[PDB]
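Visitor: One structure, pasted below without further comment.
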Amino acid sequence: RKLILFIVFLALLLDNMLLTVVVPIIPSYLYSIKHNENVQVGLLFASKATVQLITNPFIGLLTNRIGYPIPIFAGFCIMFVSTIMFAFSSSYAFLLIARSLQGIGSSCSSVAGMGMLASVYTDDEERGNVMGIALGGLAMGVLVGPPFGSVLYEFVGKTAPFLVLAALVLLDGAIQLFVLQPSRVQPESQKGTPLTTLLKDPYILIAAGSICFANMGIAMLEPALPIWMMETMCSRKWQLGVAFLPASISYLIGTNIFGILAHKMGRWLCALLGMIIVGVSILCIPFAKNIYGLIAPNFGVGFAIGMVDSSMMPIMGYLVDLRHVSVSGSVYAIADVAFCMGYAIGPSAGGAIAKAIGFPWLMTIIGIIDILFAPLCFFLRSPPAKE
Ligand SMILES: NCCc1c[nH]c2ccc(O)cc12
């Protein structure tokens, strides 16, 4: 009963460590191998997000029809396959294929783990608060990602970070012996309202846009910042990956402090501050001309993204309880689609803008748009009811 929480937390951890061990390796590796590369790196990064966004409805169908453990085992297999593909392949196409597979793997793991965790814990009084461990699986994975993918990549080469990640994925899959079997036909029943009907509501879009933009900021920063750092003569030792470390250590505290303080000031008055602080603190990024000049803006970016996560995650459900037939899956689907839309559109537009007009202007434009988006949170003061 307890071990499912740890298993889903670890399966999110080993997915979102994989998601961010790529950012220091593949950009620099493709920069080196060719000695305008953004036109390819951006799409190589956006493939995972577009694949997960496409795949989510079908895995939802699979979970509704024939149960949760099957997609969990599928995701467990796909994560190891993608990791072993990263550890060995060199050509661009066979990195793109693995990043494509990682999208289906992330979809399976996230959706099925959320569903089965909700099923085991059932009622709100426990499950609703326990759900916040998803963010704790997010934060530590993102924290160990860049340092582990950079330091050992400097010390013992390309294959080491993915090799040691696979050494953990195999252990996690062996611990999953208790549930998953070669042959399992499993039951499930119908609940809730589908996303395609929920997003038809224009009011929920106002809340989804905040988290979408707050993640799109970092999703555009991710493909380009290593290239920008390489252009300004940065190294790998304590330099190439550690630049992302303050953002992670700040995210750890952002998901906790204002998560505790939410109700004390109004969650919309915290979402507004998170949005504005993201917009302001990504403007300071282009103007830093030294590695130690990037510590200050990242310590704000991570904190502000955590402040938006821990102040929008309950809200997407608080409204859905007031307007539509609600279930845990319908609550999580909004957040997952809002995450994936940003993580897909960000790199796709970045790989064009940063190459046609430049990276600092891309960050400035995103910051200004994020700042100007803030007044839209005025509407969440109180939503009116409906039939
Ligand atoms: N896809 C960007 C991953 C990433 C790198 N550094 C980060 C810092 C905080 C965060 O939430 C996420 C990240």
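In chain A, numbers come from Swiss-Prot; the residues present are 19-53, 126-477, in order.
When the header is checked for method, it gives electron microscopy, 3.7 Å.
Cβ atoms are placed via backbone N, Cα and C, with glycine included.
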Visitor: State whether, in Swiss-Prot, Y382 is on the same side of the membrane as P313.
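Guide: Topology check (Swiss-Prot): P313 vs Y382, same domain name.
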Visitor: According to Swiss-Prot, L228, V232, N305, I308, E312, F334, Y341, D399 bind serotonin; which of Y182, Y422, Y433 is also listed for that site?
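Guide: Site partner of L228, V232, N305, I308, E312, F334, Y341, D399 for serotonin, according to Swiss-Prot: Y433.
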Visitor: Take the topological domain 'Lumenal, vesicle' (312-328) and count its residues per DSSP category (helix H/G/I, strand E/B, coil), listing them in that order.
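Guide: Residue counts in helix, strand and coil order: 10 helix, 0 strand, 7 coil.
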Visitor: Test of understanding: give the count of other CB atoms lying within 10 angstroms of the CB of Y341 (serotonin binding site).
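Guide: Its Cβ has 27 other Cβ atoms within 10 Å.
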Visitor: Taking contact to mean three or more C-beta pairs under 8 angstroms, with sequence separation of 6 or more, is the transmembrane segment (21-41) in contact with the transmembrane segment (292-311)?
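Guide: Counting Cβ pairs under 8 Å, fewer than 3, so no.
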Visitor: With Cβ-Cβ distances below 8 Å as the criterion, list the same-chain residues six or more beyond the ends of the transmembrane segment (160-180) that contact it, or say none.
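Guide: Here the qualifying positions are 29, 32-33, 36, 40, 51, 149, 152-153, 187-189, 191-192, 194-199, 201-203, 206, 248-249, 252-253, 255-256, 259-260, 262-263, 266, 269-270, 274, 276.
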Visitor: So, do the transmembrane segment (329-352) and the transmembrane segment (249-271) meet, by the test of 3 or more Cβ pairs under 8 Å (sequence gap 6 or more)?
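Guide: Between the transmembrane segment (249-271) and the transmembrane segment (329-352), which are separate recorded stretches, there is no contact, as judged by 3 or more close Cβ pairs.
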Visitor: Cβ under 6 Å from ligand 1: which of the binding-site residues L228, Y341, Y433 qualify?
Guide: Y341
Visitor: Using DSSP, break the topological domain 'Cytoplasmic' (211-219) down into helix, strand and coil residues and give each count.
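Guide: For that range the per-state counts are 7 helix, 0 strand, 2 coil.
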